[PDB]
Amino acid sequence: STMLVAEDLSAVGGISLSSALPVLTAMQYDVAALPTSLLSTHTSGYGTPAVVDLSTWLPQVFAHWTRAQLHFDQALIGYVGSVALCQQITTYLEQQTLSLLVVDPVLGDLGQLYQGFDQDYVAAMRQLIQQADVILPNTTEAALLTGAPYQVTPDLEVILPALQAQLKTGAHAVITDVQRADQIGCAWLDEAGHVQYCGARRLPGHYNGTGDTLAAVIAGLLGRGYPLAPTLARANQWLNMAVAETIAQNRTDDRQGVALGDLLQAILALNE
């Protein structure tokens, strides 16, 4: 099958689209790799990157694909970056008949919207997520989506249903960076409306591209028919492993995204 992946491409950095590609390809997908933005390097640690504004390009891309009669099976949407691009993506996706749409609602972290994002971006995001089968906000994002003031540990019994209220029936809101004791992981509502959690032991440090890889792995697994719970279980273990690998490399450069070798190996093994 074919998966559309629409997110930022940084030439240097090993995150987002650059990490999605190997991952998804190895997971047996033909990837339609669509940059929403093109950068010299990611935005953390290399100084101001050189960036291409793709706002006038994506409409052309979509128009083209349309006339060419291309149809996508699955879609993963990551970092978009502008109100207009979200709008464009939203309508394009509406035209497709997707069996799977996963949207990582990139908006912020540590209680605040990322620089450049305002409440207009937030509203644009709320529109984009309306058809999503799964959304993967972090704790800050969840709050922003619902309009609840940020809480470091929000009440999952409250925020989860609130989020679900914005999604279609049967879709799922999964909060991704939930910390419980020495664990870090994902929380969501099961079919009976009960809060579930699946985590792995938190490792020291902070890494780039973790969210990106998590999203790719989740899309990929779901795309292949794995129920949500087992998907989340595996994704978390896989990320844990990737971060472990990363530490193991004893890197001198803390900017490069999470290592993928072990992850690719795991994917190949699952494949048989």
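Residue numbers here begin at 1 and follow the sequence given.
Taking only CA atoms, the mean B-factor in the PDB entry is higher for 230-238 than for the other of 230-238 and 61-69. Mean CA B-factor, 87-95 versus 117-125: the higher value falls on 117-125. Take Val195, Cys186, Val134, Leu76 and read off each C-alpha B-factor from the entry; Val195 has the highest. In this PDB entry, the Cα temperature factor of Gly225 sits in the top third of its chain's modelled residues, the highest group. In this PDB entry, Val5 carries a Cα temperature factor that places it within the lowest third of its chain's modelled residues. Compared with the other modelled residues of the chain, the Cα B-factor recorded for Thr252 ranks in the highest third. Per-chain ranking of the deposited C-alpha B factor places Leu270 in the highest third.
When the CA B factors of the chain's modelled residues are split into thirds, the value for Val158 lands in the highest one.
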